[PDB]
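Number of protein chains: 2
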Amino acid sequence: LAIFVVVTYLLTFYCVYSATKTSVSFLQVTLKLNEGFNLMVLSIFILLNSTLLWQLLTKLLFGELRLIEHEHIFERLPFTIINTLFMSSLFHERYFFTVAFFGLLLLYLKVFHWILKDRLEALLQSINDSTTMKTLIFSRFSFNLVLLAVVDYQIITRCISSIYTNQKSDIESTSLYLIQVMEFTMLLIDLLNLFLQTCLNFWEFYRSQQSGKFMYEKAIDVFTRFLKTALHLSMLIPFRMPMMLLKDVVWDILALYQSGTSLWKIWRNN
Amino acid sequence: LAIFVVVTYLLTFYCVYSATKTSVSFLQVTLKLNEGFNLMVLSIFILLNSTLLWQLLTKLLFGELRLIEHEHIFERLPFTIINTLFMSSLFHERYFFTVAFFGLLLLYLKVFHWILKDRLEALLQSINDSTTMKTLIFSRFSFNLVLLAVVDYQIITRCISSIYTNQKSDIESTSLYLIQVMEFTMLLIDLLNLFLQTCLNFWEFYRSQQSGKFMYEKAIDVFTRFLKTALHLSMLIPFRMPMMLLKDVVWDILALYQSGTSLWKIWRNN
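Each protein sequence line maps, in turn, to chains B and A. According to the deposited numbering, the stretch in the first sequence is residues 10 to 220, 266 to 324, in order. According to the deposited numbering, the stretch in the second sequence is residues 10 to 220, 266 to 324, in order.
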């Protein structure tokens with residue numbers, strides 16, 4: 010594969026070079042490239058470059074990935090892919106390549122988020138060897154979670170600005186981008202859960218170091279389900295394909311059942 | 010996820026049931042379902058079912074998958090996905106869901122083929138513990154390879170029949186299906202390589218048991279590259295987007311360079 014990318018570069022260079030050599034003004038070149046085949050070549054090259062970066066970003070964040078992470082990712086992917094493709098298909102007619110881009114972005118982040126969860130478990134397990142040191146060591150989760158948190162927030166902030174700016178012109182495309190807000194919001198919400206769980210885990214450490267948690271853990275997980283449910287439910291307000299959004303609303307309802315079970319335990323305890 | 014699928018079933022059932030309850034003839038039902046929303050529901054359900062089967066097919070063939078397989082798969086996937094999507098995009102206008110289906114089929118097989126290669130290495134390594142027994146044990150590769158071989162051949166056979174049958178009507182769609190023949194042929198060719206390599210590995214075993267291989271190994275790998283190159287080159291004959299096919303033709307040319315290196319060693323040896 011590495012060389013496939015090298016060759017794509019060489020083609021891409023020529024494509025530009027040729028348009029350049031055969032023109033006088035950079036604007037003439039700009040169009041020739043954005044007009045035909047050469048644009049598609051550039052697009053392919055960009056996607057390959059993005060992909061290579063995401064692989065690096067894993068190396069700089071998670072490194073090698075543990076078997077257990079590889080397994081969870083492998084299992085979650087084909088279904089993640091179907092569902093993304095379903096919501097994506099809706100707008101292919103107007104935006105296919107932009108949509109394909111966002112499709113990839115959502116995947117790469119979902120993968121990073123799934124991995125992060127497993128990294129929390131690892132840092133929790135190491136508590137006994139660190140003992141006192143967890144006080145500072147736990148920040149290793151933060152230097153994974155926070156980094157993703159910044160990215161998720163930035164995407165949402167940017168999506169919204171764009172939507173508002175052209176909301177009256179993008180009469181259908183608002184749904185494209187507003188769905189993206191929902192999906193990226195869902196990631197931000199899951200990350201918030203991991204934050205809160207981390208906080209409760211650090212809280213237990215503290216109390217031991219200082220020297266009912268189970269229900270505190272449920273309260274976090276129950277709230278999280280509620281918050282996510284509220285998001286997907288409010289998403290059904292716009293006219294464009296509420297029935298397609300509904301598949302996730304319905305999943306959240308299943309989660310709401312799981313909340314019901316946790317709630318029963320809470321209510322019973324009093 | 011498991012329950013997402015259960016719910017999809019329940020919806021899908023109702024969708025049909027309702028059309029059924031509210032009709033007299035099965036044909037009225039057939040249309041209502043194939044006419045609107047209910048068709049899409051059925052399509053979603055089918056894709057989920059196919060996915061679950063592919064997961065089972067792994068369990069019945071490769072089981073759990075070794076870390077090394079998980080790693081190779083993980084790394085090869087995003088690029089496999091880009092390139093499939095590129096060739097797929099070309100026909101989305103007329104066939105998106107059929108195309109998406111074939112996209113998934115090509116992936117699942119590529120994954121099975123990548124895994125198979127690694128299973129050959131494992132069976133080769135075990136030679137020393139089996140000693141004499143390799144005589145029969147090696148058939149374990151065959152009960153992986155042959156099974157995929159049957160499937161690859163059947164797909165090709167079926168694709169061709171369909172193409173010929175409607176070749177004069179599918180004036181553009183021939184390219185869709187003919188590209189699929191090429192891609193599935195490429196899998197059949199890679200599998201042929203593994204067969205031949207297995208045969209040469211068994212051949213070495215035999216000679217030891219009976220009691266220059268490196269160049270024999272190269273001759274197989276060099277032929278394989280040639281055969282694949284010839285396929286992709288002949289694929290540029292049809293009018294429809296020879297430039298898109300060209301990306302693989304060009305990759306094969308890179309391989310042809312690798313053949314050149316192996317050939318030099320052969321020519322030198324004489």
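For every residue, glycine included, the Cβ atom is placed at its ideal position computed from N, Cα and C.
Go through its chain and collect everything with a Cβ distance to residue i's Cβ below 8 Å, but skip five positions before and after it.
i, result
"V190(B)", "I165, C168, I169, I172"
"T17(A)", "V50, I53, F54, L57"
"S32(B)", "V38, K41"
Please look up how many angstroms separate the CB atoms of residue i and residue j, rounded, as I've assumed it's under 8 Å.
i, j, result
"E271(A)", "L201(A)", "The pair is not a contact, with the Cβ atoms about 15 Å apart (cut-off 8 Å)."
"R149(A)", "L132(A)", "6 Å"
"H122(A)", "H101(B)", "Contact doesn't hold; Cβ gap of about 29 Å is too wide."
"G112(A)", "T141(A)", "Rounded, the Cβ-Cβ distance is 45 Å, inconsistent with contact."
"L116(B)", "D161(B)", "About 14 Å; that fails the 8 Å criterion."
"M269(A)", "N324(A)", "Their Cβ separation, rounded to whole angstroms, is 11 Å, which puts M269(A) and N324(A) out of contact at 8 Å."
Who are the Cβ neighbours of residue i in its own chain at under 7 Å, not counting the five residues just before and after it?
i, result
"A28(A)", "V38, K41, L42, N47"
"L20(B)", "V50"
"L287(B)", "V303"
"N153(B)", "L70, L125, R128"
"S178(A)", "none"
"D199(A)", "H122"
For residue i, does the count of other Cβ atoms within 10 angstroms reach 16, so buried, or fall short, so exposed?
i, result
"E130(A)", "exposed"
"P296(B)", "exposed"
"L36(B)", "exposed"
"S217(A)", "exposed"
"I12(A)", "exposed"
"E192(B)", "buried"
"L62(B)", "exposed"
"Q206(A)", "buried"
"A284(B)", "exposed"
"residue 221(B)", "Chain B lacks coordinates between 220 and 266, the interval that contains residue 221(B)."
"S34(A)", "exposed"
"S220(A)", "exposed"
By how many angstroms is the C-alpha of residue j removed from the C-alpha of residue i?
i, j, result
"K30(B)", "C24(B)", "10 Å"
"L66(B)", "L281(A)", "37 Å"
"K119(B)", "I82(B)", "9 Å"
"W305(A)", "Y311(B)", "52 Å"
"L185(A)", "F211(B)", "56 Å"
"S151(B)", "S316(B)", "28 Å"
"residue 250(A)", "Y215(A)", "Between 220 and 266, chain A has no modelled residues, and residue 250(A) is one of the positions in that gap."
"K301(A)", "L290(A)", "11 Å"
"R128(A)", "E213(B)", "46 Å"
"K126(A)", "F204(A)", "10 Å"
"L10(B)", "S135(A)", "30 Å"
"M195(A)", "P87(A)", "19 Å"
"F105(A)", "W321(A)", "49 Å"
"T183(A)", "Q176(A)", "6 Å"
"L187(B)", "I90(B)", "19 Å"
"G266(B)", "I146(B)", "25 Å"
"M298(B)", "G45(B)", "34 Å"
"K68(A)", "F293(A)", "42 Å"
"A158(B)", "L114(B)", "15 Å"
"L156(B)", "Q163(B)", "11 Å"
"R85(B)", "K319(A)", "46 Å"
"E181(A)", "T174(B)", "40 Å"
"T107(A)", "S59(A)", "14 Å"
"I307(B)", "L308(A)", "52 Å"
"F110(A)", "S98(B)", "13 Å"
"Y26(B)", "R103(B)", "30 Å"
"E80(A)", "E80(B)", "10 Å"
"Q64(B)", "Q64(A)", "25 Å"
Leaving out five residues on either side along the sequence, give the residues of the same chain with a beta carbon under 6 Å from the beta carbon of residue i.
i, result
"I124(A)", "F71, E78"
"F95(A)", "none"
"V14(A)", "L57"
"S313(B)", "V276, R279"
"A273(A)", "none"
"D138(B)", "none"
Exercise. Using 8 Å as the threshold, is the segment 63-82 of chain A in touch with the segment 42-55 of chain A, meaning 3 or more CB pairs across them?
Worked result: no
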